[PDB]
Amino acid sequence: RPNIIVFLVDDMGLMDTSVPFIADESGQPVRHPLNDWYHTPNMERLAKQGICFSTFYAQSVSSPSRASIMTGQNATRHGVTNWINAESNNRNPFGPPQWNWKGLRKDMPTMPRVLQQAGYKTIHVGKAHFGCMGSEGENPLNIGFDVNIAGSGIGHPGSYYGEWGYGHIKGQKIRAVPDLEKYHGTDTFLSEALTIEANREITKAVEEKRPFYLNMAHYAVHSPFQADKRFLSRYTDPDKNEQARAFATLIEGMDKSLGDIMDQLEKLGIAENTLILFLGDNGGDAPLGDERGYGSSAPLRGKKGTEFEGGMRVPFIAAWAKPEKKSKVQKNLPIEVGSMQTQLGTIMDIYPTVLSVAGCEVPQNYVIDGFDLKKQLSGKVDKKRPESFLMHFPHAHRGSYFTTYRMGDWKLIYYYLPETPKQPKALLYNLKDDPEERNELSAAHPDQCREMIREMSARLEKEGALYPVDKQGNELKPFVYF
């Protein structure tokens, strides 16, 4: 039975790496300027041994994505449609009153809980953000983890600096990272402290002779953008401000962590037995350019928390830590080494892919929104899964009170506009012809737009979505307004 590592980077979009995730018309990687700015040599090492997905969808912000990864359910269905504010219910003015602020529940068959039931040692390290303060989900031990280092209801760290006690000595006390007291006062960067702790848990799992699931959930690369002195000297582009250079150092330190975990697997002799899934949790938050133009994920439009592709396009790499044709466990999930997969995947697809390789099954009667990636991981187009992603955000952020719906080449953006709830607005893009969202064409294809609204409307109902409300609590369902 294989070990599984989900290496999840906070606020890391598809361009925040030296690995090119943009595909040309031949399905081959194309280098863009951000790929020559970031330095992720261990991601390059992992891409050499595995498969990159060029189109991989997450939700637009943290808790919705982290809920979706744990449950295999869309944010419509698990109900965590906003990032969770630990201290108070952040519905936002027009948010659904019954949205799942409390978060993941002790009774949910989460990926870790199903693995734990099967005898896996399940380890959580770093950012959890599965529940509010005082909730079941605040504590990863309540949703199927045997071990939690540094996870709580917090969604970012009080500091990256060990000298600042990660918030306990200096910085934001109410976001102080827990469980790392032995690093306080030292010059150990938060991302380094988490790596040391993860490698200690991996070592302990191997000596106990149990297969493990490691949720390596970095606080990197979320603000505050506090530069790592180990890497800052490499970042000197005159058109990148101090914040962007700090962000680049959080990326490079994240990549060092990935390398130290891969080295530890090789040192223990278990690399042949360990699957690594690498992704970000939502659209990239790099402090570059213009938030609703081109910057954080150029050449794609937008940023973390927007309705654009930059809001929800994350990097995704799957690789055996040491590929080996002889390996029994690798025959259950063969990966085309050094290749790019251009067919769409989503964070809901992780649940069914991991449970199958682990020798478990998706519980037959548990309704999921994910598809086993086995066929796509071999480097083939999988006709058993749709080219579709539905990103429901009935809350306030860089974009507000919207649903996006992608079906094949087409993307609908529906704005509920709760302040003028009788006059909603729909936009239409052809992402095949216009991947940078430059050519809004609802006026030119009014029937494609009408059809997408009906399909999206039916899918929101099928998934049990909670809708935004107007000032007086009237439920705002999408409708063909024209």
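The numbering used is simple: start at 1 and walk along the sequence shown.
Colleague: With reference to the PDB entry, specify whether the mean Cα temperature factor is higher for 335-343 or for 155-163.
Modeller: So the stretch with the higher mean C-alpha B-factor is 335-343.
Colleague: Where do the C-alpha atoms have the higher mean temperature factor in this entry, in 26-34 or in 59-67?
Modeller: The entry gives the higher C-alpha B-factor average to 26-34.
Colleague: Among the choices 397, 218, 384, 392, identify the one whose CA B-factor in the record is greatest.
Modeller: Max CA B-factor in the entry, restricted to 397, 218, 384, 392: 384.
Colleague: Just the C-alpha B-factor column, please: which of 77, 127, 234, 303 has the biggest number?
Modeller: When the deposited C-alpha B-factors of 77, 127, 234, 303 are compared, 234 is largest.
Colleague: Divide the modelled residues of the chain into thirds by Cα B-factor and specify which third, lowest, middle or highest, holds residue 460.
Modeller: Its C-alpha B-factor belongs to the middle third of this chain's values.
Colleague: How does the C-alpha B factor of residue 413 compare with the rest of the chain: lowest, middle or highest third?
Modeller: Residue 413: CA B-factor falls in the lowest third of its chain.
Colleague: Lowest, middle or highest third: where is residue 273 by C-alpha B factor in its chain?
Modeller: It falls in the top third of the chain.
Colleague: Going by what the PDB entry lists, where does residue 327 fall on CA B-factor within its chain: lowest, middle or highest third?
Modeller: Ranked within chain, residue 327 CA B lands in the highest tercile.
Colleague: Thinking about Cα B factors across the chain, which third does residue 285 belong to?
Modeller: CA B-factor rank for residue 285: lowest third.
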